[PDB]
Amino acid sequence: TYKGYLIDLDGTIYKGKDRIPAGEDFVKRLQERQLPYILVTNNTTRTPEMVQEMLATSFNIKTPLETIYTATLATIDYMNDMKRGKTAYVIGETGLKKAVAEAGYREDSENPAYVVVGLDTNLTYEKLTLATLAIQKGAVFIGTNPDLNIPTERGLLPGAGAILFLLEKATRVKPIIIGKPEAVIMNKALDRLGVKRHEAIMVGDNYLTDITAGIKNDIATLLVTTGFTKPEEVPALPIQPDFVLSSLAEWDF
């Protein structure tokens, strides 16, 4: 019997601008059984509030603010835990840069204690240079998420992970990456879930980001053939998830 649920957002409880009624129902059912759950996303542009509002406004999902855990939150928690200088140079969208500054880390492009990098659609050589120099001086190099690509209406564009690799190559230092499928975001989400590791299960549509997040961190997994990972691709997966479903509606608590 699973006591807690970790759930991916986009691709699982909705897809793009389109919704997935089974997904919305899944959350409602969880709320009805009063089963704890946390929505985990690698998105670093929208704040928890924005995410909460989007869910209620566009997908009939009304969930407490505390159930929304993003890579931005995980990154700040990690920064607070490691406790090094209260300065950071951040590469990313305005939202991420704002969240970090408001969390107490003022922007310092010269000798920051931390260099945090997420997707920045306004990336410039100068920003990369600033980060490279700071990392070389000893700043703690952190990546918000490893995704090599970001799927947009325009196509498969460069993701945070691609930018991170550029910096890794230029500085020779491997960034500590927070988001799925890495350990930190999963550990913290698990912590908020308030359940023991073997009592939780990660629910998602993306094999590489969600299911691997489970397998790699010793957490049970439920893969829904909706979203990214197509149903025909499952037989070829290197490691089968613990459960595979075509719709969350098939899940029985």
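Throughout, we count residues from 1 along the sequence that is shown.
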Subject >> Between 121 to 129 and 149 to 157 (mean CA B-factor, as deposited), the higher >> reply: 149 to 157
**OP:** Read off the CA B-factors in the entry, average them over 71 to 79 and over 108 to 116, and name the higher stretch.
**Re:** 108 to 116
**OP:** Select one of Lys216, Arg29, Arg192, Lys196: the residue whose C-alpha shows the highest B-factor in the crystal structure entry.
**Re:** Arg29
Original post:
Which has the highest CA B-factor per the PDB entry: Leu39, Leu223, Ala220, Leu55?
Top reply: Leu55
Subject >> Entry-reported Cα temperature factor of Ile61, expressed as the chain third it lands in >> reply: highest
Original post:
What third of the chain, by the recorded C-alpha B-factor, contains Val184?
Top reply: lowest
Original post:
Mind checking which third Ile211 falls in for C-alpha B-factor across the chain?
Top reply: middle
Original post:
Mind checking which third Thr87 falls in for C-alpha B-factor across the chain?
Top reply: middle
